[PDB]
Undergrad: 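My questions will all concern the structure given below.
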Amino acid sequence: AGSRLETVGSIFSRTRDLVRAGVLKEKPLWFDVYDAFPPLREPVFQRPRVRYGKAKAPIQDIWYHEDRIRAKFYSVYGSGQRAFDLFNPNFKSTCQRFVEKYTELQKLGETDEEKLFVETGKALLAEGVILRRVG
Amino acid sequence: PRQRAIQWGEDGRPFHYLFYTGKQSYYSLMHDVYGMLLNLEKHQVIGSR
Amino acid sequence: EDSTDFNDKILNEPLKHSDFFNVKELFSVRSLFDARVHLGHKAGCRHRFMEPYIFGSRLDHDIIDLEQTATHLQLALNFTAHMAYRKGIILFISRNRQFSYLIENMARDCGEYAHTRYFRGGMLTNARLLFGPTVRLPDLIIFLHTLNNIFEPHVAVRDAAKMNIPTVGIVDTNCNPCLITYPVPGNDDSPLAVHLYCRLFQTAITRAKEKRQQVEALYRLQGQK
Amino acid sequence: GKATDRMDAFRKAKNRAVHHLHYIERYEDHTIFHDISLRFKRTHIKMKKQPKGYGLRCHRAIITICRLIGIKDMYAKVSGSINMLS
Amino acid sequence: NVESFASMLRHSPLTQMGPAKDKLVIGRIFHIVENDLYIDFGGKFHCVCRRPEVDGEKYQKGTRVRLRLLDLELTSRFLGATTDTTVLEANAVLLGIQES
Amino acid sequence: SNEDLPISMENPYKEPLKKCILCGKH
Ligand code: FES
Ligand SMILES: [Mg+2]
């Protein structure tokens, strides 16, 4: 039968070689399928090593420009008493509605930060939104 | 003694879908009892041992 | 005389098409996103061999790159369909007890096999002694969860490689995919994700079996006349 | 192979080895493709590619294994620990 | 004009929520064990809350509740471990029932 | 390239470091 050295190559290379060497009389049922549509990576055993010294993982933190507006909104107005509905894929919270208005006004030419944040709050209050400052 | 019949056919395919557990009869019973306990939730001594 | 024509029109024909069973129509990046397939574990649980498949970390929560999930899932579903078409034995494995009942029903419905219970030592590497000298082992093993209940790789991953059985596997951000033949990075915890996987594999396997009967039936009708 | 009786150990060893087979690439089906120098634990092995007619000039255990693999021409030197299993 | 994954992630409610601590979310009871309520709120993991003492009979499978999230996944690394230990469940406080 | 890609920056939600009750006092 096939070699059980699972840490020496992959099931494909071990099978292919033993078929060449006449050890395996017939190819397994999956061999022709693997050969026609191989995986992106050949499944070879590898030993996981801990990182030492200055080695770091290449995973980056996911940030967006609007995160600065959210961080300020939550610090000024806190989490909206309205509850998030994460089941609705199109849900918009009070903060997101604040971020959109903030973005619109910024595209109208306004560049100041402290001024662009106070005008946004007024616009929402005019629309009937409840904005209770935390302090 | 009562002997268990063949567990696969000429093509080698086992008959029962829980064959590879080695305890198909036991786990087939646990699966059926567990399934009944679920359906009840969706819907909602002296002389025996 | 007639065997070469059989194997050429039935077994070798589907291997000449990039997507013979049209499995790309079963899912999309949006459908995977709605099923929360992109949600991974916290960064403190990340496995090193999963870094290539991670889009990033959103507030210490790893996000799985669904663009790679779609390409890996395409290859995995395509391989599963070809094996079902060739009448291979497909065994689903998973120790996640929240989904044991779901997975056993899915296997019984598609006409395949499930092992969601405690995995005893040597089910694969000592099968001739446990089942019999003529027992036929699975041609493909699909892990819907690659970890056991102490957060270690399921023993069957190693033993499937020992017995040279290809493996398809959903690999979360804390899993080890080195020995998985066709890994699919994705969320393995949320019921929406697990339910999606079961539908895709079940549909891919059921289509491939119906395709095998359509091709055979047509090959016989034309054979007589 | 391990057993109380020697013939039982022989049976276990050879029946198990045939399920743990490597495939060894051979250059022109008589030697290795390039010089090989490695250490396994404390055993050092240095192998040299050789032309035809050179023969097997190696540790007697390496000669035995080379005949089973199909290598006809090679030089090898073993240094450090001469542990047979290593 | 096929939306990319980067666009989906940017505009998803879970991404727009920011930090999860002290965030009010709506959950759904999908499983009950005695007085343990298993609640899904749109995250990777569910949370387990105990049946409140008042109006306990109103909490059934399918009931939609209000939660105050504390953490999306309870994890922690302990002395000598090479990776974090995770209990595979979120941390949240059951506030009450949501009604229209 | 693409406007929806993440951008590199410092954690905007980072909480200020905690201070002891005597921080800044003689
Ligand atoms: S925190 Fe103690 S002196 Fe600043
Ligand atoms: Mg997981």
Side-chain angles (χ1 to χ4, degrees), chain A residues 48 59, chain C residues 32-33 35-66 68-69 72-73 76 92-100 102-103 116 142-154 156-157 167-178 180 183-198 201, chain E residues 14 38 40-48 71-77 81-91, chain F residues 14-26:
Chain A
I59 309 304
Chain C
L32 299 168
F33 191 90
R36 308 177 204 169
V37 174
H38 61 284
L39 300 182
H41 292 263
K42 284 198 73 183
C45 308
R46 190 190 302 114
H47 196 285
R48 178 161 188 177
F49 296 159
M50 289 301 299
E51 293 166 1
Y53 312 111
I54 290 168
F55 181 80
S57 57
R58 176 62 175 177
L59 292 161
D60 289 324
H61 291 88
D62 288 336
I63 301 295
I64 298 164
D65 184 10
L66 291 183
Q68 298 188 71
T69 302
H72 288 80
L73 182 59
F92 292 89
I93 297 181
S94 169
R95 294 290 292 115
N96 193 323
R97 300 169 63 249
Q98 173 172 354
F99 305 110
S100 170
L102 175 77
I103 293 168
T116 67
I142 303 178
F143 293 91
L144 300 173
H145 300 79
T146 60
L147 297 174
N148 60 31
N149 291 326
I150 55 155
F151 309 94
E152 313 293 309
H154 198 289
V157 177
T167 51
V168 173
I170 307 292
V171 289
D172 213 338
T173 63
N174 62 340
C175 301
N176 187 335
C178 65
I180 302 295
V184 181
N187 183 353
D188 68 8
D189 293 292
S190 304
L192 284 172
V194 176
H195 282 62
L196 177 60
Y197 304 142
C198 291
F201 286 116
Chain E
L14 190 58
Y38 290 73
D40 174 56
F41 58 86
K44 181 178 175 68
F45 298 104
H46 60 251
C47 62
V48 184
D71 194 323
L72 294 173
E73 185 185 4
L74 284 167
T75 68
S76 183
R77 188 163 300 191
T82 59
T83 188
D84 286 23
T85 296
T86 180
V87 293
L88 300 180
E89 65 185 40
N91 196 18
Chain F
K14 185 178 180 182
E15 304 169 14
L17 299 182
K18 297 187 177 184
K19 294 183 169 185
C20 65
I21 59 178
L22 292 179
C23 190
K25 308 201 180 63
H26 175 61

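Order of listing sets the numbers, starting from 1, for every ligand and every atom in it. Excluded from the calculations below are hydrogen atoms, water molecules and symmetry mates; all remaining heavy atoms, backbone and side chain alike, are included. Below, chain A is the first sequence line, B the second, and so on; all start at residue 1.
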Undergrad: Using a 6.0 Å cut-off, check whether atom NZ of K18(F) has over 12 heavy atoms from anything other than its own residue.
TA: no

Undergrad: Is the backbone N or O of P52(C) less than 3.5 Å from a side-chain atom of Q68(C), with the two atoms forming a donor-acceptor pair by type?
TA: yes

Undergrad: What protein N, O or S atoms come within a distance below 2.8 Å of the Mg ion (ligand 2), ordered by chain and number?
TA: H41(C) NE2, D172(C) OD2, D188(C) OD1, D189(C) OD2

Undergrad: Number the atoms of ligand 1 from 1 as they appear, then name those within less than 4.0 Å of a heavy atom of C23(F), with their elements.
TA: 1 (S), 3 (S), 4 (Fe)

Undergrad: Should you measure from each heavy atom of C20(F), which atoms of ligand 1 turn up under 4.0 Å away?
TA: 1 (S), 2 (Fe), 3 (S)

Undergrad: With ring centroids as reference points, do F143(C) and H154(C) lie under 6.0 angstrom apart?
TA: yes

Undergrad: For the pair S94(C) (side chain) and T116(C) (backbone), establish whether a donor and an acceptor sit closer than 3.5 Å, ignoring hydrogens and angles.
TA: no

Undergrad: Examine distances only and state if a side-chain atom of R77(E) and a backbone atom of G44(C) form a donor-acceptor pair shorter than 3.5 Å.
TA: yes

Undergrad: So, does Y197(C) use its side chain to make a donor-acceptor pair with the main chain of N187(C) at under 3.5 Å?
TA: yes

Undergrad: Using only atom types and a distance under 3.5 Å, with no angle test, would you say the side chain of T173(C) pairs donor to acceptor with the backbone of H41(C)?
TA: yes

